[PDB]
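Numbers and lists here come from the model and the stated rules, or from a named source; none is laboratory data. For neighbour counting, all protein chains shown are included, and Cβ atoms are generated from backbone atoms with ideal geometry for every residue, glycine included.
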Amino acid sequence: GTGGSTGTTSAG
Amino acid sequence: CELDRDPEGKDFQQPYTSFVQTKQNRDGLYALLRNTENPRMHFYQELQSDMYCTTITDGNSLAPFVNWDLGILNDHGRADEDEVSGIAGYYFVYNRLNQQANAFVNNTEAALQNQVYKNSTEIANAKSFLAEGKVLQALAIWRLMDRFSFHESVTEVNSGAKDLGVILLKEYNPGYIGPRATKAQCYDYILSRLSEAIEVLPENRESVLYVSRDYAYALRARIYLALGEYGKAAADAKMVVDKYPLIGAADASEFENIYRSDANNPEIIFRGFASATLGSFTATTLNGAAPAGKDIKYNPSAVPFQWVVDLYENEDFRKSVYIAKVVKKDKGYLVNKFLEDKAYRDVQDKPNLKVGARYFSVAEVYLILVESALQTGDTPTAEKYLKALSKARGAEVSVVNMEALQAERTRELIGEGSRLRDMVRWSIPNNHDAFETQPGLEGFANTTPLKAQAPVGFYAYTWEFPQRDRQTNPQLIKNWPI
Amino acid sequence: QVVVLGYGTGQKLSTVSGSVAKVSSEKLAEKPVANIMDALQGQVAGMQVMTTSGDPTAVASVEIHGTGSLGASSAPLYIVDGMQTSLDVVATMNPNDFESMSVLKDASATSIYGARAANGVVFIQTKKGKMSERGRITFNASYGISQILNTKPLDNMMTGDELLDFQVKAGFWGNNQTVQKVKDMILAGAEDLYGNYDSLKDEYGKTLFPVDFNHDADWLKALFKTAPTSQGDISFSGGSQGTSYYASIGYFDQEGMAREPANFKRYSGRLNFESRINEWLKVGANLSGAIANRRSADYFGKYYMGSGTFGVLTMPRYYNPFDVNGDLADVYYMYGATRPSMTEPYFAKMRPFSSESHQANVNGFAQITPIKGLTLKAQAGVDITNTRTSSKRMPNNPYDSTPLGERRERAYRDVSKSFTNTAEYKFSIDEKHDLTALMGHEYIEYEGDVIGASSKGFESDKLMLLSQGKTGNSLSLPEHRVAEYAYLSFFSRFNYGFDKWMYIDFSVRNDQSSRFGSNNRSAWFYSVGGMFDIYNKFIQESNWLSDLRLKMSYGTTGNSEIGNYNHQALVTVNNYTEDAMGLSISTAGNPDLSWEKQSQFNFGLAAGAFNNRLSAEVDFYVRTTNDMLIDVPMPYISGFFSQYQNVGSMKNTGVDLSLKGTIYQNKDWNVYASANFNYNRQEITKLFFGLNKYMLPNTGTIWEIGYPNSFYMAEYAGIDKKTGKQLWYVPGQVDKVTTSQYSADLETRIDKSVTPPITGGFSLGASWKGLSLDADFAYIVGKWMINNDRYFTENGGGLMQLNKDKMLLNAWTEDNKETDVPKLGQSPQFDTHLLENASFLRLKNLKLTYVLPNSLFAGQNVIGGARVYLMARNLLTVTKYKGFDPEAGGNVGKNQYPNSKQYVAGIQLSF
């Protein structure tokens, strides 16, 4: 699925 | 069993194996010279002079240069991937041009030595390409020697940094850890490159966009003037000054319509290729212009003094083109030299303020020859060429007296970053507090004094090596005592 | 036992001085996953292995004796009976063909694969078939199911009726809104969206309800399922006078547990053959092939609204993707959506994908023994892989942006080849002296490429070739990538042995490569090692001690896992005019690019007591890495931003031990146990141009001189009971003082390392009368991990439309002033309160087998035996982590694919 990438994530 | 692999999809650095490889690397070197020697890189020598005062809309961006705040100028600048600007930006771009010119010249020499060119026309062209690369080596070394090395009139220095110049790469080496060279070795290397490059290039100018021997004569005249040897400057500027004509105009409107245009301007010795989609930029630091609908709005961050306007006559053409009374809807004067070009826009109605790069003009050669003839003793050629330059712009000089020369050199080379070096040569102090702003524009300027007093022989006329250098390099001697 | 370490024939196992660890064929076979290394978690001491995804197409990450480099890779060298491979190619080989697996980990075992064996080497050997009167057939078959490990983070989430109240009190829906006014009309007006579309215009409110408030929906059943797994094999093993063969054909199908598809399926075959031709010649060939169809779940590790485990945690419970019959529908509804959002089987149906990989391995050797001791061996090998993938996007579906479809085709080709020529001579000088001398030549070569072509604009499902797209503006440039390398080498090794008790070996190797820079291309490596048998000379006999050996070694190796093209000044396009192109230098290279040289000193001893009943082995190692690779920032006289040179140094000091034992109760009972442990602490010795600390940009770590690379974040001090704001500590200024304002100057080095130091595992097994039971446990302790989903599930302000934790109901306010959570008008940062303790202890597999007795097959001359087994993988896991899996990740736990527990049952007919 997809739709909006809703991200404030950290770098791996 | 040979076991090295060439990367599929990109070429790498090695001695050249054909002629089209040489021609393509030369075009890449010229496109690098386009972004290195901009008008955008020379605003910091111009803003540090005794011409400009800082307005209210400045967020302490040009105020470290005008007010001579030596605490910020000791480690000013930025050369990361995002932007390249400042003192470290200047050092970075001229060192990058010097490294890539060294790579191109060494590869073309190693290709001409191994006989990889198949006929005589390719050899007769590759010799000219190598002679074009030597001028770019000499220019990229002279810019660093101009801005990061002391004059002979400096009083107090770091103990040992009086004679030395910039670091002198002769080969391609991005991991070079070495000491500075003396001024004699650097200036001998510069003039040796120009001596080797003058005897090879053809007499006629093949193109405006590439280096000709007229440019080599004019650049050697500028370097001989900046050292001070005036007779050799007159010997090297006389071979080029009669080749290119001056402007032709009767009113300021057609002078503006010709001077802004790059192709129709007849007095450009060497400029970079600029089009609407490739090789254009906005040099909007001095004027601060911006497009607004179909017109131009002005929010300048630094305006000239009243003595700068008072040198200009009211019937002059440069009163409407070089500087301009357009601040606050015709109340004040800004510097409008690098505004725009009519040919580089996409829609002909609305502007986008894009100007190409010009590296030389015949007015510099005129001023070089008048100055060297006045210092040597030849009055008639000096007054002849100075009255010619005065009649070309519509404001005749009255009497040549070694101050009207300074007036004309100030009037012509405003915005090009030559006021600081001429202030060094003519032993003029700063005197930023003794001047006054415009009477017609009050409140928009501010009377802020200098953070550091600048007499003659002050060390702060020549900048400091950047902070990332001389920390990783223990063999480096900095310039400033503080 | 006899181990072939490196090249030449095997010596012994009580003679080698290099601390190898041999894994027998019991621990490799019968495993229900695709990766073979994951079955070795906790077996070999000093080797930690972690699978960071629960895909069928995932690959484990192995690290022997720590992480040896900050800048290059850490994976070992996996060679398979000769020529080396990748783990994606061993994943296309049937694990019932592996006879052993020896892990070489200290120098004077690894140091003849110099410039490749800085990280150890795994040496997988294949079966060869026993010489007997009549051959033997073996038929294996298995079947199992797979499902998700634990559903613990669903015990903390809100319901629908709690989330509505928290959302309307937080002011997300409106300023003066309320429930039964928000619940009734503003978001149960999903009939205005379900009315435009013809496929579900007449079905809203009759057979599917997108918004349901009376009871919550099960999003775990909507996003994860229970997936089967099948496996079978037939193998023929035979021999005769001189000639011996082993053939095998097999099949392995495994389906992923998530609803978004990920399968791994292969059909494979192997023919090992070896026959001696006359008195002075022996030839042989290992041939293998596979046709493998992979597919992998791509949207894991990214945050998308409604997919993964992020979609199980955060999607609000009052939305309903099922119909009234309990089956999954085609679409569900989110508020403010322009189009309905597709579920996972419909999106798997509208975006097809198909990969097919053809793999061939051909390995051949010829061995000549002219004189009594000489042995000349020449070996060649080719490894060919042709992959071909295709992915489309189907036209005319209504729940999408455009009705037009796209297609993309890709063709891959990887060809590797390897040549090895050795000459061995062994001889005894006296009655009690012995020598062996080996010298040889090796050549490795790899080339591979990718071709790709894409098209778009299709309007029919049948007319989906690639030359039937729309021209003009709907067509783009192809894809094309090419890589290659080569290695040349010459090696030598001398084994001098005394009568029984002293053995000394000395080895050397020269490697040249295409990767090393053009000024130093020749690399020299050496090693020296020794083993002394103190039992056979000093203490000739005792009552309790039965074996005692001491060994020590020193060696230098290197790590040429630098890039293929990192030593040369690449020029690219920098145009001047519009007609001719220009080329300008863009990376600057460096000609002095080394191979990341390291050196290891090792000292150990191995004892055995009560007539080989108990066995112990202790090992102490110091592994010093020098000349690591970092893309350094350069001074301005370079004219570039990076140089990518060899700077730095690191060292790993450690101790590992291993115990094995056997307990009894009778003549038929048999109990045994094993336990191994490894501690490893590292530190960074030096760095760039006289630096002390260096933080890599936007990574989260810091390299400090004197410490391992730790976490570099802010400290967290909780909230205050006056105003209820977040309080971070200050680096320094001890009184410790806390500030409420967050800036990037509040970051310091946390005292928690990145790679986990303590790694171990222990096994215990029993056997009664052919019915046995074994259990293996594996633990990793000292591992911290940033939990990223807790950025979204328990933030006060921002991202309010998602489902939250239950501990936001006890928020700080004026009438509720004694809690541990902040107010609702804030935004949490990445700090110490997101680091969680990811230390775990797993039960790796519990297996109960039974071999049917020999008296049951007495008259029947056809079937000669049978075995039945039950197996449970990942049955228990004890840990303190809160993110569905502590193993799945490293430095950051994102929207992850958890590891799965599996139940398989299998038969094996040895007929």
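The condition (being among the small types (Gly, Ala, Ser) and crowded, with 17+ Cβ neighbours inside 10 Å) is satisfied by just one residue among C:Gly452, C:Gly448, C:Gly457: C:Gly457.
Yes or no: C:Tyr335 within 13 Å of chain A (Cβ to nearest Cβ), of a type in the set (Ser, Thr, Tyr) and either part of a strand (DSSP E or B) or more than 33 Å from the chain's Cα centre (by Cα) (or both)? So that I can check it myself, show each step before the final result.
Values: within 13 Å of chain A (Cβ to nearest Cβ): yes; of a type in the set (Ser, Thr, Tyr): yes; either part of a strand (DSSP E or B) or more than 33 Å from the chain's Cα centre (by Cα) (or both): yes.
Here the answer is yes, as C:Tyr335 does meet what is asked.
Kindly indicate the residue of the stretch C:763-805 that is hydroxyl-bearing (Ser, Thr, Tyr) and assigned to a helix (DSSP H, G or I) and also nearest to C:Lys169 (Cα to Cα) among those meeting that condition.
From the stretch C:763-805, those hydroxyl-bearing (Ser, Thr, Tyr) are C:763, C:767, C:772, C:779, C:791, C:793; that's our starting set.
In the following step, the residues that additionally are assigned to a helix (DSSP H, G or I) were identified as C:791, C:793.
Working: C:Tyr791: 21, C:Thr793: 17 Å.
Within the stretch C:763-805, the match that is nearest to C:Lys169 (Cα to Cα) is C:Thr793.
Residues that are over 28 Å from C:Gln643 (Cα atoms), assigned to a loop (DSSP other than H, G, I, E, B) and either within 14 Å of chain C (Cβ to nearest Cβ) or not β-branched (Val, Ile, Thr) (or both) within the stretch B:131-178 comprise B:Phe150, B:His151, B:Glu152, B:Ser153, B:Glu156, B:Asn158, B:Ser159, B:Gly160, B:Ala161, B:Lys162, B:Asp163, listed in sequence order. Close Cβ contacts (under 6 Å, 6 or more residues apart or on different chains) running from residues in the stretch C:106-121 that are farther than 21 Å from C:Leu70 by Cβ to residues that are surrounded by fewer than 24 Cβ atoms within 10 Å (Cβ to Cβ) and among the hydroxyl-bearing types (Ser, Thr, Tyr) are absent. Looking only at residues that are within 10 Å of another protein chain (Cβ to nearest Cβ), among the aliphatic types (A, V, I, L, M) and crowded, with 21+ Cβ neighbours inside 10 Å in the stretch C:577-596, which one is nearest to C:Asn646 (Cα to Cα)? Among them, the one singled out is C:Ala588.
Considering the stretch B:355-443, the qualifying helices (runs of 4 or more DSSP H), each wholly inside and each with 3 or more residues that are farther than 21 Å from B:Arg222 by Cβ, run over B:379-393. The criterion of at least 1 residues that are not assigned by CATH to the domain that holds C:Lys265 is met, among strands (runs of 3 or more DSSP E) falling completely within the stretch C:80-198, by C:98-104, C:121-126.
Can you confirm whether C:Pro395 is assigned by CATH to the domain that holds C:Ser455 and buried (at least 17 other Cβ atoms within 10 Å of the Cβ)?
On the way: assigned by CATH to the domain that holds C:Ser455: yes; buried (at least 17 other Cβ atoms within 10 Å of the Cβ): yes.
Answer is yes for this residue.
Considering every residue within the stretch C:529-543, establish whether at least one is surrounded by fewer than 13 Cβ atoms within 10 Å (Cβ to Cβ), among the hydrophobic types (A, V, I, L, M, F, W, C) and assigned to a loop (DSSP other than H, G, I, E, B). Yes: one or more hits.
Within the group C:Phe884, C:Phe857, which residue is in contact with a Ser or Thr (Cβ under 9 Å, 6 or more places away or on another chain), assigned to a loop (DSSP other than H, G, I, E, B) and more than 14 Å from chain A (Cβ to nearest Cβ)? Before the answer, list the steps.
Numbers: C:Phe857 fails: in contact with a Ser or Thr (Cβ under 9 Å, 6 or more places away or on another chain).
After ruling out the rest, the residue left standing is C:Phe884.
Out of the residues in the stretch B:179-200 meeting the condition of being of a type outside the set (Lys, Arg) and within 14 Å of chain C (Cβ to nearest Cβ), tell me which one is surrounded by the most Cβ atoms within 10 Å (Cβ to Cβ). Selected residue: B:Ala181. The set of residues in the stretch C:398-414 that are over 29 Å from C:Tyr346 (Cβ atoms), surrounded by fewer than 16 Cβ atoms within 10 Å (Cβ to Cβ) and out of contact with any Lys or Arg (no Cβ under 7 Å at 6 or more places or on another chain) contains only C:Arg413. Of the residues making up the stretch B:264-298, those that are over 17 Å from B:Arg205 (Cβ atoms), within 14 Å of chain C (Cβ to nearest Cβ) and either polar (S, T, N, Q) or crowded, with 19+ Cβ neighbours inside 10 Å (or both) are B:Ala274, B:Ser275, B:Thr277, B:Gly279, B:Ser280. Selection of the stretch B:27-41 for residues being more than 8 Å from chain C (Cβ to nearest Cβ) and assigned to a helix (DSSP H, G or I) yields B:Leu33, B:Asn35, B:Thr36. Checking C:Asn473, C:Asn510, C:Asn495 one by one, the residue that is loosely packed, with under 14 Cβ neighbours inside 10 Å and among the polar types (S, T, N, Q) is C:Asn473 and no other. Taking every residue in chain A that is within 7 Å of chain C (Cβ to nearest Cβ) and pairing it with any residue that is exposed (fewer than 14 other Cβ atoms within 10 Å of the Cβ), at least 6 positions away or on another chain, the pairs with Cβ-Cβ distances below 7 Å are A:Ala11/C:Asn698. Restricting C:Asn559, C:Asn626, C:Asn574, C:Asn564 to those that are within 20 Å of C:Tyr113 (Cβ to Cβ) and either within 11 Å of chain B (Cβ to nearest Cβ) or among the basic types (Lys, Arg) (or both) reduces the list to C:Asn564. A count restricted to the stretch B:1-22 and to residues that are at the interface with another protein chain (Cβ under 7 Å from one of its Cβ atoms) and within 33 Å of the chain's Cα centre (by Cα) stands at 3. C:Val324 fulfils the conditions (1) more than 12 Å from chain A (Cβ to nearest Cβ); (2) not in a loop (DSSP other than H, G, I, E, B) except for a single criterion, (2).
Among the residues making up the stretch C:28-41, those that are farther than 27 Å from C:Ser111 by Cα and of a type in the set (D, E, K, R) are C:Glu30, C:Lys31. Filtering B:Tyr459, B:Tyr385 for residues that are out of contact with any helix residue (DSSP H, G or I) (no Cβ under 6 Å at 6 or more places or on another chain) and hydroxyl-bearing (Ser, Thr, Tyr) leaves a single hit, B:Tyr459.
Just checking, which of B:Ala388, B:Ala395, B:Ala404, B:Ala373 is exposed (fewer than 15 other Cβ atoms within 10 Å of the Cβ) and hydrophobic (A, V, I, L, M, F, W, C)? Please lay out each step first, then the result.
Details: B:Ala395 fails: exposed (fewer than 15 other Cβ atoms within 10 Å of the Cβ); B:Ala404 fails: exposed (fewer than 15 other Cβ atoms within 10 Å of the Cβ); B:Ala373 fails: exposed (fewer than 15 other Cβ atoms within 10 Å of the Cβ).
The unique qualifying residue is B:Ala388.
Does B:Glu203 satisfy the criteria of being closer than 13 Å to B:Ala138 by Cβ, surrounded by fewer than 21 Cβ atoms within 10 Å (Cβ to Cβ), more than 14 Å from chain C (Cβ to nearest Cβ) and of a type in the set (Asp, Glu)? Against the criterion (closer than 13 Å to B:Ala138 by Cβ, surrounded by fewer than 21 Cβ atoms within 10 Å (Cβ to Cβ), more than 14 Å from chain C (Cβ to nearest Cβ) and of a type in the set (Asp, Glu)), B:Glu203 does not qualify. All conditions in (1) surrounded by fewer than 15 Cβ atoms within 10 Å (Cβ to Cβ); (2) part of a strand (DSSP E or B); (3) among the aliphatic types (A, V, I, L, M) hold for C:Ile234, with the sole exception of (1). Within the stretch C:783-803, the residues that satisfy the criterion of being under 23 Å from C:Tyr716 (Cα atoms), in contact with a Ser or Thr (Cβ under 6 Å, 6 or more places away or on another chain) and surrounded by fewer than 20 Cβ atoms within 10 Å (Cβ to Cβ) are C:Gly797, C:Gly798.
Scanning the stretch B:80-97 for residues that are farther than 15 Å from B:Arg147 by Cβ and within 8 Å of chain C (Cβ to nearest Cβ) yields B:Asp80, B:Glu81, B:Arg96. The strands (runs of 3 or more DSSP E) located wholly in the stretch B:239-300 that include 3 or more residues which are under 28 Å from B:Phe444 (Cβ atoms) occupy B:289-292, B:295-298.
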